[PDB]
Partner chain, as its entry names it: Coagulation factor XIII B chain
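Below you will find one chain, with nothing else, as structure tokens; this is the form deposited without the partner chain, and questions on how it binds or moves follow later.
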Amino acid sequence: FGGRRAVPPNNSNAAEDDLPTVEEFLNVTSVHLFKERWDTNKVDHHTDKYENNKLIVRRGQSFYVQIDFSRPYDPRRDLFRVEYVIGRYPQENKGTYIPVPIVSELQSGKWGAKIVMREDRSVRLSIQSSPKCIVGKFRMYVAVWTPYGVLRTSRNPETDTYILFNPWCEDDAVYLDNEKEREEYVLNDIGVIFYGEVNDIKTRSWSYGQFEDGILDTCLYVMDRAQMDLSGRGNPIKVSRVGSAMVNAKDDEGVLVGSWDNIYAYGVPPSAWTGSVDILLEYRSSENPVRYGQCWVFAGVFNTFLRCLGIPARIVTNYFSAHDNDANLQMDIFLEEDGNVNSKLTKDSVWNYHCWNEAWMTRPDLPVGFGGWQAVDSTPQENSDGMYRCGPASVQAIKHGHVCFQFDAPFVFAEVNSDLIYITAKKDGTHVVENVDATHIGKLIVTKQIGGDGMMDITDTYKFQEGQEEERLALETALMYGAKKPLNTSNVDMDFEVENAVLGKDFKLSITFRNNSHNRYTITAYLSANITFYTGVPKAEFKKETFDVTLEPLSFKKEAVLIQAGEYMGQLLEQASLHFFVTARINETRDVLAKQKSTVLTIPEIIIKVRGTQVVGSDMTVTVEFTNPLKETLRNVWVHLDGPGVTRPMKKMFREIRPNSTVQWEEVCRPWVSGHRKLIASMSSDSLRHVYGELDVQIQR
């Protein structure tokens, strides 16, 4: 017996029922959706880019259709309506079965088709869809009411209509108030990711490829995979919520398998990906998680998902990110009485950088003022529910400390608002808090700018200025709704700068000391440089050195060191990150001075060049060039080319590139998208990876 619910869950846009064709009367002979990509419909609904041959409109906006009948429509003795249905169990009640009534005028916010033209046996309609409509692929019918039952059109796949989110419709939640932001955030399918570190910002390109053939369907499939209730697919919040939860593969469910293990044995290294396109297609193709991804990889894929559906989204990169924060606002560094970092206890690392997504939508479920951008982090960490993605959290609520409001705001708030606490763990077992640094985590938050590949600084959007009461107010409120501060809080200054260097080069480092006091100090400063993964996780202390300083009053003292390429070269991890600690305990006052900086060695680039003709439908030759400036023969050197609208993503491995050898790969491309495009490449050998390169090509036609 089916005793839990009378009608089973309607959670698959792919499944379908069989609507009966029977429940001088007027019977339809043909249906015309003006669905060509040059036509009024797709152009005005901004769905002309999608490599799809079905009508694709946006909710909350009218589109035209033409019904042809057996004989002409006569208002005196005829009743018909268009219907759109979705899922295996459509129900009017649940918005999955939609009868579009014939209306005189179209009413703001309701489904309705108005008879706009009548010629011979044809009726032209202007159909308006509700602005809170379910997003998915709807099946279309025409039903004709007669006095025994209803007559309806037969399953016609050619008329299937996609109704997406509508940033342009001012009555949609997704309503984005500006045409420029809409092109970037919804219509632009090439993105830029910021990596490296706060004082050496790296940039790389990503093919979001949302208009590529098969991506929209994979986006619906991702939802059918989460068995998402069709009745909720029209809520951008729930779509963000359920959708981000599918990015990271929990087991053998989810799009991407996460792994920061530097080898990536049974799959593709995260550094290898050029875009979300092959990933998603691999997912749909295989129906199994795609190995492997990391933060920017999950964020690249999720941004594709959101934009592809019509919710404006962007990727954000925070500098010095307190992930796995557990909503605590203190990251600890343990010092010995000696002034030396205790590496046994000090086990919480800050990420050099951490990307997540931002989704634009209103938040009617919240006090007014909280719409706009909502932070969504597909990279799980412990939240109130367990090991899951976080969000959507209103960036505005996070900025103000109103972290009680869903979803997972205390975690995102702590991701950018934590302090570093320097603590002396004594030889007797006790702990003594030495110093607190309220300016390292979330030092710089960044995302691609609207009119170009540049970087826009968005730090002030997640939080206020350090010191002023606004930041102080946000802090005092957060503390009340989920944020935690478990521990309560000599005239010498220390500081130090490392120097950015090219992979394989030596580099300086300098420590400055300034004693504004009128007494002589003797100190013991210590340097500890570790090889780290981008997450801050340390692998090994490649350089350790002890400094003995003797400051004089009113003195400024600078000391220098040179890290030699050989001290790190056989040990670096992908991304080539290095971390530095300079801790200094004075002697006469037993006080500690501590500082840390990270650095990444600037890594090589791929050379992409073109020749031949650059016109849509026209062959141009593209050459992928890699000059390995290293002293090791590079094994299994996979190279990858992408370029949304110019080429699909492709890969070629070169058995081994020997020292200072350039290898070349030309690929004959035939664009399908005119205008400003971009060629994208990556390279991941068997050791050296996270090597990128791009080429901007102009395609004509």
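Positions refer to the first chain, counted from 1.
Unmodelled residues of the deposited sequence between neighbouring positions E23 and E24 number 10 or more. According to the PDB entry, the deposited sequence contains 4 to 9 residues between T489 and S490 that lack coordinates. As listed in the deposited structure, the average C-alpha B-factor of 85-93 and of 457-465 is greater for 457-465.
The mean C-alpha temperature factor is higher for 541-549 when 190-198 and 541-549 are set side by side.
In the PDB entry, the Cα temperature factor peaks, among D251, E415, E282, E382, at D251. Of all the options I56, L634, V65, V28, the entry's greatest CA B-factor is assigned to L634. Sort the chain's modelled residues by C-alpha temperature factor and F496 lands in the highest third, per the entry. In this PDB entry, the Cα temperature factor of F298 sits in the bottom third of its chain's modelled residues, the lowest group. Looking at the C-alpha B-factors along this chain, the one for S661 belongs to the highest third. When the modelled residues of the chain are ordered by C-alpha B-factor, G566 sits in the highest third. Among the modelled residues of the chain, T203 sits in the middle third by CA temperature factor in this PDB entry.
If you look for the form solved in complex with the partner chain, you will not find it shown, but the lines that follow are about it.
Mapping the unseen interface onto this chain, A474 counts among the residues with a heavy atom inside 4.5 Å of the partner chain in the bound PDB entry.
Remark: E470 counts among the residues lining the partner chain in the bound PDB entry, judged by a heavy atom distance of 4.5 Å or less. Within 4.5 Å of any heavy atom of the partner chain in the bound PDB entry lies no heavy atom of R585. Using a 4.5 Å cutoff between non-hydrogen atoms, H400 counts as a contact of the partner chain in the bound PDB entry.
With the partner chain left out of view, the stretch that reaches within 4.5 Å of it through heavy atoms in the bound PDB entry is, among 212-220, 585-593, 400-408, 306-314, 400-408.
Interface residue among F507, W168, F464, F542 relative to the partner chain in the bound PDB entry, by the heavy atom within 4.5 Å criterion: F464. For the candidate set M480, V433, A560, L554, a heavy atom within 4.5 Å of the partner chain in the bound PDB entry is found for exactly one residue, namely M480. No residues of 23-54 lie near the partner chain in the bound PDB entry, the criterion being any heavy atom within 4.5 Å.
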